[PDB]
Structures are given as structure tokens and as C-alpha cells.
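Quick note on labels: first sequence line is chain A, next is B, and so on, each numbered from 1.
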Amino acid sequence: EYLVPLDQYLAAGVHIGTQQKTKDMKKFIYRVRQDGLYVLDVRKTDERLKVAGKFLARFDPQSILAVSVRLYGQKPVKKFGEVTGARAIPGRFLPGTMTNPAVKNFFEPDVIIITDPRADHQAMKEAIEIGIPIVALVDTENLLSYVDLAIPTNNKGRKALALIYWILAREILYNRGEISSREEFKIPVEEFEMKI
Amino acid sequence: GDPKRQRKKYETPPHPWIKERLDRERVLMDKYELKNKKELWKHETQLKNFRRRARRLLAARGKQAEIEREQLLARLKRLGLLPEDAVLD
Amino acid sequence: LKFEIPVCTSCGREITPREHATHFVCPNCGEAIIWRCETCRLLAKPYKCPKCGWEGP
Amino acid sequence: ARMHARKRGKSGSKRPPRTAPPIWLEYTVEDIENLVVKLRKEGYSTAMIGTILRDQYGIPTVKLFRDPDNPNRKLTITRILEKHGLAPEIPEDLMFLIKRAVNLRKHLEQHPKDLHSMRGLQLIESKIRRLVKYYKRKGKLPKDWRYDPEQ
Amino acid sequence: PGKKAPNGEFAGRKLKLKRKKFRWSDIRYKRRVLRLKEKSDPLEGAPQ
Amino acid sequence: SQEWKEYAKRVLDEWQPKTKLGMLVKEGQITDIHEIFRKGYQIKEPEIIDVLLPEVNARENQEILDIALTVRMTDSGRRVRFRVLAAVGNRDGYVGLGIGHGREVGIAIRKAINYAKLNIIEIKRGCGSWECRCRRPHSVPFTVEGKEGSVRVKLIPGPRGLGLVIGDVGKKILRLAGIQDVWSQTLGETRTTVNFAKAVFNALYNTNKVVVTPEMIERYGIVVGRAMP
Amino acid sequence: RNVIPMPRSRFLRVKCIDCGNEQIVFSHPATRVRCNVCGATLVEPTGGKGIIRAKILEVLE
Amino acid sequence: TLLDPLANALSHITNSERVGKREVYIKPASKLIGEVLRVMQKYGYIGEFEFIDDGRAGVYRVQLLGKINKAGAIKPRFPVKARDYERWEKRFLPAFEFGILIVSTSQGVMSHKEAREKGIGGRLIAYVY
RNA sequence: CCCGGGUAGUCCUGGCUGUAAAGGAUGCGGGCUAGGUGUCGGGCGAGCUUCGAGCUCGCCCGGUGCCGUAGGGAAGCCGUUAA
RNA sequence: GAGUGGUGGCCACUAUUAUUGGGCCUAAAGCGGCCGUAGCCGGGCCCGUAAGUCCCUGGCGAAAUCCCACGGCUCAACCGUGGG
Ligand SMILES: [Mg+2]
Ligand SMILES: [Mg+2]
Ligand SMILES: [Mg+2]
Ligand SMILES: [Mg+2]
Ligand SMILES: [Mg+2]
Ligand SMILES: [Mg+2]
Ligand SMILES: [Mg+2]
Ligand SMILES: [Mg+2]
Ligand SMILES: [Mg+2]
Ligand SMILES: [Mg+2]
Ligand SMILES: [Mg+2]
Ligand SMILES: [Mg+2]
Ligand SMILES: [Mg+2]
Ligand SMILES: [Mg+2]
Ligand SMILES: [Mg+2]
Ligand SMILES: [Mg+2]
Ligand SMILES: [Mg+2]
Ligand SMILES: [Mg+2]
Ligand SMILES: [Mg+2]
Ligand SMILES: [Mg+2]
Ligand SMILES: [Mg+2]
Ligand SMILES: [Zn+2]
Ligand SMILES: [Zn+2]
Ligand SMILES: [Zn+2]
Ligand SMILES: [Zn+2]
């Protein structure tokens with residue numbers, strides 16, 4: 001039914017949005033509280049995580065790029081790349097990484113994962129130019145422009161980002177057949193998150 | 001009004017000194033041993049008039065248009081410029 | 001023979017030579033190819049797989 | 001927009017589309033005509049009669065019944081009053097505007113320096129003359145009728 | 001400025017009057033029709 | 001076509017590609033020019049065009065549209081720069097336009113030719129004139145427009161044998177694309193050559209934006225890219 | 001959807017507290033609504049929706 | 001104020017197609033708008049359409065398919081004779097048989113191709129291509 | 001130009017004059033074409049409340065600002081308060 | 001090229017007169033503001049009329065001048081017989 005119980009989703013704060021809203025995000029929004037804060041629907045998150053796990057398992061592993069400027073997302077993307085074999089770029093994204101072949105670390109992926117369209121704007125801009133599919137994590141305040149596959153979640157919290165990337169890595173492993181069952185994946189969620 | 005005035009049968013170039021046109025016309029003048037430019041221009045005009053009649057007859061319809069259409073083809077094959085089975089295009 | 005010009009899955013217009021379009025296999029089933037033109041991507045138009053019926057960006 | 005002030009207000013009524021009277025309305029046409037005559041004899045305007053009928057008697061507009069005499073048309077309050085001889089001699093909107101203009105003119109006799117209110121009198125009299133042109137065209141006013149404040 | 005006017009099917013007279021009115025703003029047209037050059041030419045219109 | 005085939009062979013074997021599309025071309029997974037368009041690829045290596053369309057390196061298929069010298073002011077005098085506008089094509093259905101800069105004319109010419117290749121486009125050709133309905137790809141298939149700066153350009157289908165009724169810059173560009181006859185109308189400052197050329201190039205590109213039906217393809221003789229007898 | 005205009009007001013079936021008479025009245029009046037039998041007040045008008053002083057029995061279509 | 005219901009409808013359709021709308025509502029309806037829509041549907045420029053009844057002059061709901069380059073009214077409504085269609089085609093259309101001019105005749109509303117086949121003139125009211 | 005004085009005028013009543021960078025340097029009416037975020041008036045819903053014509057959040061209509069997508073423009077820039 | 005230059009005029013160039021087809025925030029250009037007469041432009045449905053409008057057919061708009069084919073001057077310019 002669910003990849004994890006809804007209690008863990010709620011305790012990790014996946015459903016907590018922001019005081020701002022956007023017209024194209026309303027298909028994912030569940031309700032608004034009395035203090036003006038918008039809440040996300042968690043069943044949609046589970047469905048999109050399953051679909052995203054199926055989509056990403058079909059690409060060649062070293063052709064996947066994951067990025068995260070925001071500090072609370074840096075350890076999760078590094079751990080995701082270590083587990084799945086995907087390239088991972090935490091911190092400042094050097095302009096021209098995907099458009100300037102003369103640069104030392106020039107790299108053209110086949111698919112890109114964006115932690116936040118607002119903060120990772122340089123990576124998204126360069127990815128539009130080279131015509132690859134874009135997968136993104138979207139909060140209540142984000143727009144859906146140039147997003148080809150959207151995953152609705154809180155993308156600012158430490159525990160939520162840890163949980164999202166942990167689930168996504170497990171789904172990829174299960175879908176490509178490197179683990180024969182879900183129970184086999186014995187890597188705790190706490191290893192994806194930043195400490196202190 | 002004004003009575004009739006007899007008009008030139010040939011047209012002059014819109015600009016006297018264009019390099020490409022000068023080269024092309026010099027080649028023609030040398031090859032066919034024509035006496036002056038106007039002689040060449042005369043023949044050019046004849047060609048233009050033929051094309052202008054075909055362009056007008058393609059976009060026409062009715063009874064006089066057909067008669068004119070067949071007269072143009074007949075005259076062109078009498079002069080030997082088209083074979084016996086040619087069409088308007 | 002000649003070649004076929006690709007057509008956007010959402011709106012059905014042809015893809016022009018140098019626009020910022022994209023194409024990918026269906027995320028849900030993987031049996032069909034989705035094309036999205038620059039205008040549909042910019043406005044976040046929804047799309048629907050012609051085989052399994054899963055819809056949306 | 002508003003004829004002179006050029007504002008774009010939108011408030012108004014939102015009538016649902018329907019043909020017959022609703023099932024829950026029990027009054028017949030004869031009761032409704034009797035009510036209209038009684039209210040008019042109490043001294044109300046045609047707009048006020050409809051307001052009272054809607055608010056107190058639960059009657060959405062009388063324009064839900066066919067005219068018992070002429071099947072070509074529906075019933076209106078003015079048509080009902082005409083059928084009994086109690087219809088206004090001057091059209092009501094013109095009458096209300098003329099009444100507003102008379103009150104304002106005696107204010108201006110005592111306040112000759114109140115120029116902003118005078119422009120209001122000018123606008124009101126423009127409205128009055130538009131209406132008199134329309135009504136003479138339709139034959140609801142005699143051809144010799146004229147508007148003169150000194151009357 | 002709104003749409004250029006008049007565009008109506010039965011507004012021929014006004015359109016013609018508009019074109020006539022603003023043609024006098026063209027100094028070429030005004031000088032020819034009023035014959036201003038002839039009025040001041042010492043050669044009286046001659047080429048030599 | 002015997003020369004440029006071996007030129008393409010020579011370029012291919014001594015070339016080490018630095019981009020993904022260049023690798024697809026190097027390994028024989030792409031063999032035709034039409035396969036690089038309409039999928040969002042970034043084109044950053046000039047060797048791609050040299051292998052797939054080798055005839056853009058001929059002298060008859062290149063035109064230097066204009067050369068200007070521009071000035072930057074300093075406390076030690078005037079610093080001079082060259083700007084070159086150039087175009088290339090295959091005279092069938094592919095055309096490109098580029099701008100180059102340099103301290104000497106030759107550097108600017110080299111860079112301008114290089115950028116024209118990288119800006120290559122494919123167009124549509126046909127016959128749409130009321131007074132010539134011949135289904136051959138000698139003109140534009142229908143009326144189109146383009147613009148740049150103050151310049152507006154409108155291109156109109158013309159009869160076979162008319163010639164190119166347009167200013168000289170437009171003549172050169174249209175000839176490189178493989179079009180023989182056209183009518184035209186312009187607004188704005190055509191003496192600004194950079195803008196004139198860009199407006200014509202945009203008009204040619206815009207033949208891809210008109211919606212058409214299968215019936216229309218037969219009626220106007222529409223051809224995409226090479227005529228391909 | 002909202003192409004057709006639909007009102008936000010309603011007609012209500014109410015019962016007088018004092019007389020016991022039953023009536024049908026409008027929810028957004030512009031006058032004081034009084035009982036058709038005894039004359040007691042049933043709805044007081046305001047800027048928008050009226051203040052109902054009677055017992056509401058049914059909301060009519 | 002409102003002067004021309006048909007011009008509003010066609011400008012509305014051309015604005016909507018440029019941003020990828022899948023349907024539109026034409027707010028003041030009339031019989032002439034209905035005839036124009038029937039002709040547009042016959043040549044494949046629109047999908048299904050339906051009349052919706054308010055208490056007012058009615059509404060049209062129309063399905064769009066992204067097949068319209070441009071559409072607009074012709075003002076004033078010029079009269080035209082049965083053998084004079086070509087110059088109007090060159091005025092409003094991009095190639096010799098590209099698109100349709102919509103004509104009001106005493107035999108009804110029809111495309112200029114059908115009217116030319118019947119041998120009749122009329123009044124120009126719209127163009128679509 | 002700065003400093004010490006100073007007539008007309010600046011103020012009220014009844015008239016005349018009809019001029020300003022009287023500038024939003026942008027004539028007026030109607031239909032249509034992504035969003036986001038403040039603020040003023042009215043209405044509706046919900047929750048608080050010291051029960052106040054009080055406070056907080058959301059939505060509709062009409063005013064008044066800012067950022068900005070398509071499109072426009074020589075550009076500065078305008079962008080449902082359209083240029 | 002038996003011609004080729006100078007001076008003055010009209011058309012084009014010129015979408016620098018704009019019906020087709022131009023402009024008016026900062027470049028020439030929105031009356032300081034508003035009310036309203038003539039004129040122009042005007043919401044949906046049903047029935048009648050037939051002035052505008054479209055189609056068919058009678059009587060007219062001299063000849064010369066213009067376009068096409070054929071014929072006579074060696075061909076042509078020119079002139080005749082037919083069609084427009
Ligand atoms: Mg005489
Ligand atoms: Mg210095
Ligand atoms: Mg530009
Ligand atoms: Mg100019
Ligand atoms: Mg003093
Ligand atoms: Mg002031
Ligand atoms: Mg100011
Ligand atoms: Mg002014
Ligand atoms: Mg408020
Ligand atoms: Mg105000
Ligand atoms: Mg507002
Ligand atoms: Mg802005
Ligand atoms: Mg101008
Ligand atoms: Mg003004
Ligand atoms: Mg007025
Ligand atoms: Mg009407
Ligand atoms: Mg008649
Ligand atoms: Mg004659
Ligand atoms: Mg002889
Ligand atoms: Mg002869
Ligand atoms: Mg003769
Ligand atoms: Zn699309
Ligand atoms: Zn599928
Ligand atoms: Zn042709
Ligand atoms: Zn009672």
C-alpha cells in the first residue's frame with residue numbers, strides 16, 4: 001500500500017509547506033490551516049515516488065546527475081550517489097558545467113534531479129539548454145515551469161530530504177533487481193541526514 | 001487628350017553598372033556576335049512578354065482565356081521554341 | 001523515402017529545428033515515447049500516455 | 001462603465017434561468033394581481049411593490065406567469081396596473097429624476113457659491129433630456145410636452 | 001490613440017475630407033497647387 | 001561530390017569528439033544531417049557539420065556579407081576591432097549565419113565562418129504562387145515574415161524564372177538556402193546590414209511554424225531539407 | 001461550470017415565534033419582514049444577509 | 001460598448017490558440033456565430049461545439065485542436081461578385097488555395113470555394129487559415 | 001547672490017482675465033491574453049475573544065502599489081491600472 | 001554608341017499623404033478638464049418587405065487608340081480580317 005507508514009511521513013515533516021502558494025501546485029495541496037500555512041497531500045507523494053523509482057531505474061547508472069545547493073540537502077545527495085552510483089554535485093554549481101566543454105569537469109548527463117528549482121536555478125537553466133528530462137522536488141511555493149516529472153514534498157527540512165532520498169535510492173535498487181526484496185535494504189535513514 | 005505616340009519595343013536595365021549583369025551580357029554578346037546592347041535587350045524583352053502572357057493565363061478562367069491559351073502554345077511551336085507536345089507550364 | 005517530423009504529445013504541433021523541446025519514455029510503463037515542445041514545458045501543460053493512461057508532469 | 005463617472009462597478013442581481021414558477025409557490029395569478037393592486041393603493045412605487053412581494057410573500061418576480069389575456073407575453077407589474085387603471089401617468093424614472101432636480105434647485109437659490117453641487121444638477125438635467133427624447137420617440141409622452149424648471 | 005477612424009462602410013465623405021485636410025501639410029503639394037515657385041522665379045519658368 | 005566525400009572521411013578519422021552528440025556521430029550511430037534537428041541537442045563542435053554536410057567548406061557555398069571596424073576609446077588612443085558577418089549553406093535546404101570578432105580581419109573571418117556552422121537550420125521549400133502552380137521547390141511554399149531591430153521582412157511566393165526580387169543581402173542568403181524565385185516587402189532601416197540579414201534568416205526559419213495538412217504537402221510540393229530526387 | 005449565473009441567496013420556510021404562522025421569506029431582504037398574520041418582526045435587514053428572528057424549518061430550492 | 005459579437009468571438013479564439021487553450025466559451029451567442037462555427041468545423045479548424053442556454057442570448061462552448069494559424073472578421077463587410085475572389089484571396093490569405101474566406105449569400109453562409117462553385121457573390125464576413 | 005528696512009500683493013465681499021513642465025509629457029467606451037505579493041471599502045465562511053463598530057486566516061467584487069510570463073519596442077522600458 | 005552629355009518639369013524612388021497601408025510616454029504630434037447637437041458606429045430572438053446587395057437576360061456607352069491569332073508591304077514599324 002505505502003512504501004512507509006504515514007506516521008513516519010508526518011514525523012519527518014514531509015507534508016509541511018510554506019506560507020506562499022502557486023496556481024499550478026494546487027493539484028497537490030490538501031488544505032490550508034488557520035495560520036495561513038498550506039499542507040501537502042502525502043498519498044500523492046507516495047505515488048510519485050513509486051513512479052519516479054520506476055522511471056530512473058531504466059537509465060544507465062553513471063548518466064544520472066543529482067544536485068543540491070542548500071546545505072541540508074548536501075549529505076542526502078552524496079549518500080544517494082554513493083548508493084546508486086549516480087553522479088552527485090553538492091554545493092555551488094560551477095556555471096558552464098554542462099554548456100562549456102573547455103572546463104575540466106565538463107559533464108553531460110541523461111537525466112537530472114533537482115532538489116529545489118529556486119535555489120538550483122543555474123543547474124535547471126543549463127539543463128533546459130541541452131534538452132534532457134528534468135525531475136524535481138516541489139514545495140507549495142514553487143512553479144512547475146520546465147519540470148517534466150514532479151515530486152511534491154517539503155524540500156527545505158533536514159529529515160524530510162533525508163527520508164525522500166533514502167526512499168528513492170531503495171526504489172531504484174528494487175526496480176533494477178539488485179535487491180530481491182524490500183526488506184533486504186539494511187541502510188538506516190539516519191545515515192542520509194546531516195548531524196548537529 | 002493626346003494622340004498616339006509610337007513607343008520603344010525594348011526595355012533598358014534599371015541600373016547601368018551592376019558587375020554580375022555586365023559579365024553575363026558580355027559573354028552573350030561575344031558568343032552570338034551582336035552589334036550593340038539594344039539588339040540583345042530587344043530579344044530579352046520578347047522573352048519577358050511571353051512569360052508575362054503565361055503568368056496571366058494560368059490564373060485566368062473562362063472562354064476567351066482558353067482561346068488565348070491555345071493561341072500562345074500554337075505560336076510558340078510555330079517559331080520552333082517548343083516541341084509539339086508541350087504544355088503551358 | 002523521407003522522414004517523419006516529430007509531434008508534441010500534448011498539443012500535436014510539429015517540433016521546430018532548434019527549439020528547447022524534450023522527449024522521454026513513459027515514466028509509468030516505459031512502452032511509449034512522450035514528446036514535449038518548448039511552449040508546453042514553459043506553461044506546464046499536462047500530458048497523458050497513449051498506452052497506460054498515466055498523466056501529468 | 002458609469003455614464004459620467006466612468007467607474008466599472010458590477011453589483012447586481014443574478015437570476016437563475018427557469019420557465020415555470022417553483023413547486024413550492026402556492027399563490028395563483030389572481031391572488032398575485034390582488035396583492036399588487038392592494039400594495040399600489042397603499043402608495044408604493046413599482047420597484048417597491050416587487051421588493052415587498054419578494055421579501056415578505058416569497059414571490060420571485062411576477063414575470064413567471066403568462067398573461068391570462070394575451071398569451072404572447074408574460075406578466076409585469078406595470079402591465080397588471082394598466083389592466084386596472086392605476087398605472088403611472090409619467091414614467092417613474094423620469095418622475096424620480098425630476099423630483100430630485102426640484103429639491104436641488106431650491107438648495108442652490110440659498111447657496112449660490114456651491115459649485116460642485118451645481119455640476120450635479122447639470123448632470124441630472126442631461127439624464128432627464130435623454131429620457132424625454134426616448135419617451136417622445138416611443139409615444140409615451142405627448143409631442144408638445146416640455147421640461148421647464150419654472151413650471 | 002485608438003483605432004484609425006473613420007472605418008465605417010457609409011463614412012466616405014468624412015474619410016475624403018480627412019485626406020484632403022492633411023494633404024496641405026505636405027510642402028511639395030502646397031507649393032505646386034498654389035504655384036508659389038512661379039510667383040517668385042526671375043526666369044519665369046524657363047530652362048535658360 | 002567525390003572531393004567532399006573524402007574530405008569528410010579525412011576529418012572523421014582524425015577527430016576526437018568532446019561532446020555527446022559528437023560521439024554519436026563518431027561511432028556511426030548518426031549518419032544523416034536531418035537527424036541532429038528537432039530534439040533539443042546542443043551543437044558545440046564544428047566537425048559535426050563538416051562530417052555530415054561537407055560541402056559547406058566550398059568557396060561557392062560561403063559568403064562574407066560584410067566587414068565593419070569599431071572603436072573603443074581610451075586614455076592612450078583608439079582601440080580598433082573588426083566585426084564580420086558571414087553565411088554558409090548547401091544550396092539545397094540548409095543554411096547558417098554567424099558573426100565573428102578579432103584584432104585582425106582574418107581572425108574575425110575564421111571565427112565568423114565557424115559560428116555560422118554551429119547556427120545551422122533546416123527549412124521548407126515549395127511553390128505557392130497564384131500565377132505558377134508547378135509543385136516544384138523553387139520558392140517559399142507560402143508567405144512568411146521575420147524581424148530584427150527596426151527591420152521587418154515579408155517573403156512572398158513567386159513564379160518560376162522570376163528571380164529574387166529583394167535586396168542584395170537577402171539575395172545571397174536565399175541563394176545559399178536553395179531558393180530561386182521570390183517577391184518581398186520591407187519596413188525599417190535596411191541599411192543596417194546585421195539586422196537585415198537576421199530578419200531574412202528569421203523569416204526562413206519561420207517556414208517551420210505554419211500548420212499544414214497532408215493535402216497541402218501534395219498541392220504546394222513541400223520539401224523539408226534536401227529535395228532528394 | 002459557472003457559465004450560468006447562480007444566486008447565493010435562498011428562500012426559507014419559517015415559523016413565527018408568537019403567532020405560530022408559517023411563511024416563506026427571502027434571505028437577503030431590503031426591508032423589515034413582518035408576520036402576515038400578527039405583524040411581528042421575522043427578519044431584520046443589514047448590508048448583506050438578513051438577521052433571522054424566527055425558527056427556520058426548511059431551506060427551499 | 002459592444003458593437004460586434006462576431007469580431008469578439010474570432011479575436012477570442014485567436015488569442016486562446018496562441019497560448020494552447022483546449023476550449024473556449026463565446027459569451028454572447030447568435031445564429032450567425034453558429035453558422036460560422038459550422039463552416040469552421042466542416043474544414044477541420046475546430047472540434048465539437050454546443051449551445052448552452054442561460055436566460056440571456058446564450059453561450060457557445062467550443063473545442064480547439066491547435067490547427068488555426070489565424071482567424072478574423074472583415075470590416076466593413078465588402079460586397080463581392082462571383083468572378084472576383086482572387087484579389088480578396090491575395091489580400092487576406094498566404095497562398096493560392098490556403099485557407100477560406102467566409103461569405104454571406106442569399107443562399108446562406110458558406111466558404112468562398114463553395115460559392116465560387118455555385119457561381120454567386122455576396123458579402124465577406126471573415127477569414128480563417 | 002548675503003544682511004537691515006520696505007510699497008504693491010498675499011486675506012474678505014461683487015465682477016473681469018482664461019493662462020502653467022494645467023505632466024500619468026500616455027483622449028474616451030467594449031471583448032480577450034500566466035502567475036506572485038502588499039494595502040483601502042463592502043460582502044461571505046471559519047477560528048479566537050477582555051463580548052468591543054474587537055483580533056487572525058481564506059474567498060468574491062471594486063479601488064490603489066510593487067515584481068514578473070507570452071507579446072510589444074530604437075532602446076529606456078510597458079506588461080489584465082498595456083505602451 | 002549615330003549618338004552621347006547639360007538645364008527645367010511630371011511619375012517612381014516614398015508606407016515623406018498611408019482605402020489596401022503610416023504615426024502621436026521619452027524623437028514632429030491627445031484639446032487643461034468635462035457636458036452635449038448634427039454626423040459616423042450600434043446587443044439577442046420571431047414574422048413581413050425587397051431600397052442597398054447577389055444571379056440571369058433585353059437596350060446603350062461612335063471611330064481611332066490597347067491585347068491576341070492569321071494575312072499584305074523582304075521581316076518589322078505600318079496596314080487589313082476576326083476574337084477580346
Ligand atoms: Mg483638348
Ligand atoms: Mg586614465
Ligand atoms: Mg529585438
Ligand atoms: Mg527610413
Ligand atoms: Mg522685514
Ligand atoms: Mg498639478
Ligand atoms: Mg510627473
Ligand atoms: Mg499636453
Ligand atoms: Mg478587507
Ligand atoms: Mg479614486
Ligand atoms: Mg486590482
Ligand atoms: Mg513590470
Ligand atoms: Mg513616420
Ligand atoms: Mg489631455
Ligand atoms: Mg460627449
Ligand atoms: Mg444586431
Ligand atoms: Mg434589385
Ligand atoms: Mg470604341
Ligand atoms: Mg510577304
Ligand atoms: Mg506579321
Ligand atoms: Mg488597323
Ligand atoms: Zn506542445
Ligand atoms: Zn505508459
Ligand atoms: Zn512554381
Ligand atoms: Zn406571528
Side-chain angles (χ1 to χ4, degrees), chain A residues 20-24 32-37 141 143 145, chain B residues 1-4 6 9 35-38 53 63-65 67-68 70-72 74-75, chain C residues 39 42-44, chain D residues 1 4 6-11 119 122-123 125-126 129-130, chain E residues 1-2 4-15 19-20 22-29 32 43 45-48, chain F residues 149-150 185-189, chain G residues 8 46-49, chain H residues 1-5 7-9 11-16 18-19 21 24 27-31 56-58 77 79-82 87 91 104-107 115 118-123:
Chain A
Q20 302 204 349
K21 67 71 159 61
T22 305
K23 183 190 183 69
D24 58 16
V32 54
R33 310 198 298 192
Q34 300 274 347
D35 67 334
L37 183 131
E141 191 223 3
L143 283 78
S145 189
Chain B
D2 295 290
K4 173 190 176 175
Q6 291 184 29
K9 246 57 177 159
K35 197 226 171 187
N36 48 37
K37 293 317 266 283
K38 53 183 291 179
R53 288 159 61 190
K63 180 174 178 303
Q64 182 73 25
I67 292 168
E68 293 203 19
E70 57 193 5
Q71 280 173 341
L72 168 63
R75 182 61 181 177
Chain C
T39 303
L42 170 60
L43 297 170
Chain D
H4 296 141
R6 308 287 203 285
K7 275 307 193 67
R8 294 174 183 162
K10 297 299 184 185
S11 55
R119 181 177 183 263
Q122 289 172 340
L123 296 182
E125 290 177 338
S126 282
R129 283 194 253 272
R130 283 174 187 245
Chain E
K4 177 223 277 175
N7 196 49
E9 179 176 357
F10 296 103
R13 179 181 276 110
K14 182 72 153 64
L15 191 48
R19 184 55 47 203
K20 175 165 76 172
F22 289 117
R23 201 180 184 193
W24 288 106
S25 298
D26 176 10
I27 189 64
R28 288 186 311 250
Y29 169 84
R32 173 175 57 82
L43 266 54
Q48 304 177 319
Chain F
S150 76
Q185 297 175 23
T186 63
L187 305 165
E189 185 53 86
Chain G
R8 297 168 292 208
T46 69
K49 173 180 301 182
Chain H
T1 53
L2 170 73
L3 307 163
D4 193 335
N8 282 350
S11 70
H12 181 18
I13 284 164
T14 177
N15 285 343
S16 303
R18 287 196 183 114
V19 297
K21 298 284 184 173
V24 296
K27 173 59 150 48
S30 78
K31 298 302 181 69
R56 322 177 172 187
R77 296 176 170 179
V80 61
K81 282 180 169 63
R87 68 188 190 102
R91 189 142 145 182
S104 175
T105 77
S106 62
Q107 294 185 25
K118 282 177 166 70
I120 56 181
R123 301 248 176 191

Look at all strands and tell whether H:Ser30 reaches a base, only sugar-phosphate, or nothing, counting heavy atoms closer than 4.0 Å. sugar-phosphate
At under 4.0 Å between heavy atoms, what does A:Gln34 touch on the DNA or RNA strands: base, sugar-phosphate, or nothing? base
Answer with base, sugar-phosphate or nothing: what part of the nucleic acid does A:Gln20 contact at a heavy-atom distance below 4.0 Å? sugar-phosphate
Say we look at I:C12 and I:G4: how far apart would their P atoms be, to the nearest angstrom? 30 Å
Atom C1', compared across I:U19 and I:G73: separation rounded to whole Å: 37 Å
Please round to the nearest 0.5 Å and tell me the distance separating atom NZ of B:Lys38 and atom NZ of B:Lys9. 13.5 Å
Taking the same atom, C1', in J:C25 and in I:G23, what whole-Å distance lies between them? 10 Å
Within the 4.0 Å limit for protein heavy atoms, which parts of nucleotides 74-84 of chain J are touched? Write it as a string from 5' to 3', B for base, S for sugar-phosphate only, - for none. ---SS----BS
Sign of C1'-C2'-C3'-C4' decides it: give me the sugar pucker of I:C51, north or south. south
Within the structure shown, what part of the strands sits under 4.0 Å from H:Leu2 by heavy-atom distance: base, sugar-phosphate, or nothing? sugar-phosphate
Reading RNA chain I from 5' onward, which residue's closest nucleotide shows up sooner: D:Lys7 or A:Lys21? A:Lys21
What would the secondary structure line of RNA chain J be in dot-bracket form, counting Watson-Crick and G-U wobble pairs under 3.5 Å, with [ ] for pairs that cross earlier ones and | for pairs with another strand? ........................||.......................................(((((((.....)))))))
Using modelled atom types and a 3.5 Å cut-off, is there a donor and acceptor pairing between side-chain atoms of H:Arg77 and backbone atoms of H:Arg123? no
So does A:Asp24 get a backbone contact from the side chain of A:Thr22, meaning a donor-acceptor N/O pair under 3.5 Å? no
Rounded to the nearest Å, what distance is computed from the CZ atom of residue E:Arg13 to the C1' atom of nucleotide J:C41? 17 Å
When you compare the pyrimidine-type six-membered rings of J:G6 and the adjacent J:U7, are the centres under 5.5 angstrom apart while the planes stay under 30 degrees? yes
Have a look at D:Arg129 and say if it touches a base, only the backbone sugar-phosphate, or nothing, with a 4.0 Å heavy-atom cut-off. nothing
Separation of J:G8 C1' from E:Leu43 CG (nearest whole Å): 9 Å
Note down whether J:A27 puckers north or south, where north is a positive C1'-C2'-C3'-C4' and south a negative one. north
Any strand is fair game: report the nucleotide pairing with I:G15 by Watson-Crick or G-U wobble, both distances under 3.5 Å, or none. none
Checking all strands, does H:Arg123 fall into the base, sugar-phosphate, or nothing category for heavy-atom contacts under 4.0 angstrom? base
Sugar-phosphate only, base, or nothing, as touched by H:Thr1 at under 4.0 Å among non-hydrogen atoms: base
Rounded to whole angstroms, how far apart are CG on H:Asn8 and P on J:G43? 12 Å
Taking atom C1' in both J:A18 and I:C40, what distance in whole Å separates the two? 48 Å
Rounded distance (nearest 0.5 Å) linking atom NE2 of D:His4 with atom CG of D:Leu123: 5.0 Å
Rounded distance (Å) that lies between atom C1' of J:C10 and atom CG of B:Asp2: 13 Å
E:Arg19 side chain N/O closer than 4.0 Å to the phosphate oxygens (OP1, OP2) of J:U20? no
Side chain of E:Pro1 only, heavy atoms from C-beta on: which candidate in J:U17, J:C24, J:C54 is closest? J:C24
Below 4.0 angstrom from OP1 or OP2 of J:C40, is there any side-chain N or O of E:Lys14? no
Mapping H:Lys21 and G:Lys49 onto RNA chain I by nearest heavy atom, which one lands closer to the 5' end? H:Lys21
If you look at every strand shown and take non-hydrogen atoms under 4.0 Å, does H:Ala29 touch a base, only sugar-phosphate, or nothing? sugar-phosphate
Over all atoms of both residues, closest heavy-atom pair of F:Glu189 and F:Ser150: N-OG, 3.3 Å
Tell me what E:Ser25 touches on the nucleic acid: a base, only sugar-phosphate, or nothing, going by heavy atoms under 4.0 Å. base
Is the glycosidic torsion of I:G52 within 90° of 0, making it syn, or is it anti? syn
Please confirm whether the shortest side-chain N or O distance from E:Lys4 to OP1 or OP2 of J:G22 is below 4.0 Å. yes
At what distance, to the nearest 0.5 angstrom, does CG of H:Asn8 lie from CG of H:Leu3? 9.0 Å
Does any nucleotide pair with I:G65 by Watson-Crick or G-U wobble geometry, both distances under 3.5 Å, and what is it? I:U37
Note: I:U26 sugar, classed by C1'-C2'-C3'-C4' (positive north, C3'-endo side; negative south, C2'-endo side), is south
Once you apply a heavy-atom cut-off of 4.0 Å, does B:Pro3 come out as touching a base, just sugar-phosphate, or nothing? nothing
Sugar of J:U14: specify north or south by the sign of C1'-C2'-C3'-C4'. south
Indicate, with a heavy-atom threshold strictly under 4.0 Å, whether H:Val24 touches base, sugar-phosphate, or nothing. nothing
Can you pull the contact range of chain H along RNA chain I, 5' to 3', using atoms under 4.0 angstrom from its heavy atoms? I:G29 to I:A34
Between P on J:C11 and CG on E:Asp26, what's the gap in Å once rounded to a whole number? 11 Å
Partner nucleotide, any strand, of I:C55 [Watson-Crick/G-U, under 3.5 Å]: I:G47
Backbone of H:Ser16 reached by a side-chain donor or acceptor of H:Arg18 within 3.5 Å: no
With both distances kept under 3.5 Å, what pairs with I:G9, Watson-Crick or G-U wobble? none
So, taking the atom named NZ in G:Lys49 and the one named CZ in G:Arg8, what distance separates them when rounded to the nearest 0.5 Å? 10.5 Å
Span that lies between the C1' atom of J:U16 and that of J:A29, in whole angstrom: 16 Å
On RNA chain J, more 5' by nearest nucleotide between D:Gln122 and E:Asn7 is E:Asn7
Closest of J:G6, J:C35, J:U17 to the D:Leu123 side chain is J:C35
For B:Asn36, answer base if it contacts any base atom (sugar-phosphate contacts may also be present), sugar-phosphate if it contacts only those atoms, and nothing otherwise; contact means non-hydrogen atoms under 4.0 Å. sugar-phosphate
When rounded to whole Å, the CD to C1' distance for the pair B:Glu70 and J:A69 reads 10 Å
Whole angstroms only, please: what is the OH-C1' distance between E:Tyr29 and J:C10? 16 Å
Expressed as a whole number of Å, how far does the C1' atom of J:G82 sit from that of J:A77? 22 Å
Using the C1'-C2'-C3'-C4' sign, is J:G30 on the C3'-endo (north) or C2'-endo (south) side? south
Taking the nucleotide of RNA chain J with the nearest heavy atom to each, does H:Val80 or F:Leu187 sit closer to the 5' end? F:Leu187
Touch class at under 4.0 angstrom, heavy-atom based, for B:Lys63 against every strand present: nothing
J:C40, J:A69, J:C54: which one has an atom nearest the side-chain heavy atoms of H:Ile120? J:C54
So do I:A22 and I:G23 actually stack on each other, going by six-membered ring centres closer than 5.5 Å and planes off by less than 30°? no
Indicate, with a heavy-atom threshold strictly under 4.0 Å, whether E:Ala46 touches base, sugar-phosphate, or nothing. nothing
Using only side-chain N and O atoms of E:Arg28, determine if any of them is under 4.0 Å from OP1 or OP2 of J:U17. yes
H:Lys27 side chain reached by H:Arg56 side chain, heavy atoms, under 4.5 Å: yes
Measure from CG on E:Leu15 to P on J:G21 and round the result to the nearest Å. 14 Å
